[PDB]
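Everything below concerns the one structure shown next.
Number of protein chains: 2
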Amino acid sequence: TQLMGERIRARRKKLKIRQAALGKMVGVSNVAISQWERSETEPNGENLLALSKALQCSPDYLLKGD
Amino acid sequence: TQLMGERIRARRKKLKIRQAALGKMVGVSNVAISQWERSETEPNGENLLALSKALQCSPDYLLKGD
DNA sequence: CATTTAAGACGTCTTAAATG
DNA sequence: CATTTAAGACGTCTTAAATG
Ligand SMILES: [Rb+]
Ligand SMILES: [Rb+]
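Taken in sequence, the protein lines are chains R and L. So in the deposited numbering the end of the first sequence lands on 68, straight run, no missing numbers. So in the deposited numbering the end of the second sequence lands on 68, straight run, no missing numbers.
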């Protein structure tokens, strides 16, 4: 059921920051955040690692849940 | 500095496996492993994580090293 | 034989416009 | 306004051929 992009957005909403603010922490645009959250694309390896740090969770959690 | 792909190859050689056998463990072709090792491309998010498990090191070690 | 090169399909980013 | 859509450049894969 649950997609990675849904967990990315839940974790960003928990921080209460905008897509642009998260993009800035990660080193990508607000649009890349948006594409990830909507499961349009998935983050590449370097961006997944930066995202999981900004989000304070592990890459595995983002990728596969729990 | 040392590139991620040289770290991938050094770790694979430690394990004494061919690129095809690593590929099998990760879920990609031997060519993808060749591409990564030669820094032609970098693994995407899901592949980087699968690669790090198959190699028993962390995603951060692969991407950034010590 | 193991690995690299090549070509090409599809994925992951970018900025600007549109939407709500 | 924040976000999503659009258009488009370069990135990541696959198989087949070439290389050694
Ligand atoms: Rb408007
Ligand atoms: Rb408007």
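Heads up, the beta-carbon is just placed ideally off N, CA and C, and yes, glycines get one too.
**Other residues of its chain near residue 7 of chain L: CB distance less than 7 Å, five sequence neighbours each side excluded** = 38, 39, 40 and 41
**Item:** Straight-line Cα distance separating residue 63 of chain L from residue 22 of chain L
**Value:** 22 Å
**Asked** In or out: residue 24 of chain R buried (at least 16 other Cβ within 10 Å) or exposed?
**Response** buried
**Request:** Go to residue 15 of chain R, then tell me how far its alpha helix (DSSP H) extends in each direction, as first and last residue.
**Result:** 6-17
**Message:** For the stretch 21-53 of chain L, list every residue whose C-beta sits within 9 Å of some C-beta in chain R, in sequence order.
**Reply:** 44, 45, 46, 47, 48, 49, 50, 51 and 53
**Message:** Quick check on the burial criterion: 16 or more other C-beta atoms within 10 angstroms. Buried or exposed for residue 28 of chain R?
**Reply:** buried
**Request:** Determine the extent of the alpha helix (DSSP H) in which residue 58 of chain R is found, giving its start and end residues.
**Result:** No alpha helix (DSSP H) contains residue 58 of chain R, which DSSP labels as neither H nor E.
**Asked** To the nearest whole angstrom, what separates the beta carbons of residue 57 of chain R and residue 14 of chain R, a pair I think is in contact under 8 Å?
**Response** 7 Å
**Message:** Which residues does DSSP list as the beta-bridge partners of residue 46 of chain L?
**Reply:** R:46
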